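Take a look at the letters that make up each chain.
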Amino acid sequence: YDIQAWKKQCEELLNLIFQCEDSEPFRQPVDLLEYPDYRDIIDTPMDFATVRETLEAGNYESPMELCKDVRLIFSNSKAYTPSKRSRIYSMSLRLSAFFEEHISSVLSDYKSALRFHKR
Ligand SMILES: Cn1nnc2c1C[C@@H](C(=O)O)CC2
């Protein structure tokens, strides 16, 4: 019932994501010189270094807020892809399945900890 445990769990999951070859297109903001029309389609850019920095600055209040920003990395890739069979989009799908499989217990444990505290 540790209410704060999600933070280190999320740091460790981000470490696994940064080791994954599938995360390379998403580690830093999308290069606007390489994709000149990117901001014509994407309203809110997001990347894993921004998620890690926000976590490390103490600017997430819960793992749900972190999960919303990671999900935005994946929804931006899906909105920007010219094809659902593109290389970078295909990497985003695999990485999203890996993230979702690992974040489930972090969210469950955090919510259980809040419920125990409320009692
Ligand atoms: C920068 N980026 N993020 N997601 C994607 C891309 C490139 C896009 C394309 O290949 O034109 C496919 C999906």
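Scoring rules and cut-offs
- Residues numbered from 1 in each chain as written, not as in the entry; some residues may be left out.
- Heavy atoms only, no water.
- Residues with missing side-chain atoms left out of burial classes, pairs and counts.
- Helix = DSSP H or I, 4+ residues; strand = E, 2+ residues; numbered from the N terminus.
- Contact = heavy atoms within 4.5 Å.
- Disulfide = S-S within 2.5 Å.
- Buried < 20%, exposed > 50% of the residue type's maximum accessible area, 1.4 Å probe, protein only.
- Axes fitted to C-alpha atoms, helices over the stretch in contact; angles between N-to-C directions.
- Parallel < 35°, antiparallel > 145°, perpendicular 65-115°, else oblique.
- Left-handed = near helix turned anticlockwise from the far one by under 90°.
- Nonpolar A, V, L, I, M, F, W, Y, C, P; charged D, E, K, R; others polar.
- Core = buried A, V, L, I, M, F, W, Y, C linked by side-chain atoms within 4.5 Å.
- Near = heavy atom within 4 Å.
- Polar contact = N/O pair within 3.5 Å; in protein donor to acceptor, adjacent residues only side chain to side chain.
- Areas by Shrake-Rupley, 256 points an atom, 1.4 Å probe, with all protein chains shown as cover.
- 1 Å grid on protein atoms, 1.4 Å probe; cavity = no way out; pocket = protein on both sides within 12 Å on 5 of 7 lines; lining within 4 Å.
- Sits in = over half its atoms within 2 Å of the grid points.

**With respect to the overall build of the protein**
On a plain count of helices and strands, the protein comes out with 5 helices and 0 strands. Helices and strands appear in the protein in the N-to-C order α-α-α-α-α. Considering only intrachain contacts with a sequence separation of at least 6, the fraction spanning at least 24 residues in the protein is 72%.

**Description of the state of the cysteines**
Overall, the coordinates contain 0 disulfides when judged by the stated rule. Sulfur of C10: no disulfide; nearest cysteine sulfur belongs to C67 and is 8.4 Å away. Since its relative accessible area comes to 2%, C10 is described here as buried.

**With respect to the packing of helix α4 (residues 63-80) against helix α5 (residues 87-118)**
Contact geometry of α4 with α5 gives a least axis separation of 10 Å together with a crossing angle of 165°. Between α4 and α5, the angle is such that the two are roughly antiparallel. Handedness of the crossing formed by α4 with α5: left-handed. Of α5, the residues touching α4 (which contributes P63, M64, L66, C67, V70, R71, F74, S77 and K78) are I88, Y89, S92, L95, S96, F99, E100, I103, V106, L107, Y110 and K111. Residues belonging to the contact of α4 with α5 are distributed by class as follows: 14 nonpolar, 3 polar and 4 charged.

**Some remarks on unusual backbone geometry**
The phi dihedral of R119 falls on the positive side, at around 40°, and the residue is not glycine. If you trace the backbone, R119 turns up in the segment after α5. Using a relative accessible area of 74% as the deciding quantity, one classes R119 as exposed.

**Brief notes about the packing of helix α3 (residues 48-56) against α4**
Contact pair α3 / α4: the axes reach a minimum separation of 10 Å and the direction vectors enclose 170°. Comparing their axes, α4 and α3 come out roughly antiparallel. Note on element contacts: α4 touches α3 through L66, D69, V70, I73 and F74, opposite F48, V51 and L55.

**Quick look at the nonpolar core**
One finds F48, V51, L66, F99 and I103 to be the most contacted residues of the largest nonpolar core, which totals 25 residues. Secondary structure elements with two or more residues in this core: α1 (6-19), α3, α4 and α5. Top contributing element to this core by residue count: α5, with 7 residues. Those residues in contact with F99 that lie beyond four places of it in its chain are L13, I17, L66, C67, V70 and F74.

**What about the site of the ligand?**
Around the ligand, the neighbouring residues are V30, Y35, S77, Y80, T81, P82, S86, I88 and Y89. Between the ligand and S77 there is a distance of 2.9 Å, counted from a nitrogen atom to a side-chain nitrogen or oxygen. Contact with the protein chains covers 85% of the free accessible surface of the ligand, which is 330 Å². With respect to the detected pockets, the ligand is housed in the largest pocket. Those elements that place two or more of their residues in the shell around the ligand are α4 and α5.

Remember that the coordinates give geometry; whether it matters functionally is a separate question.
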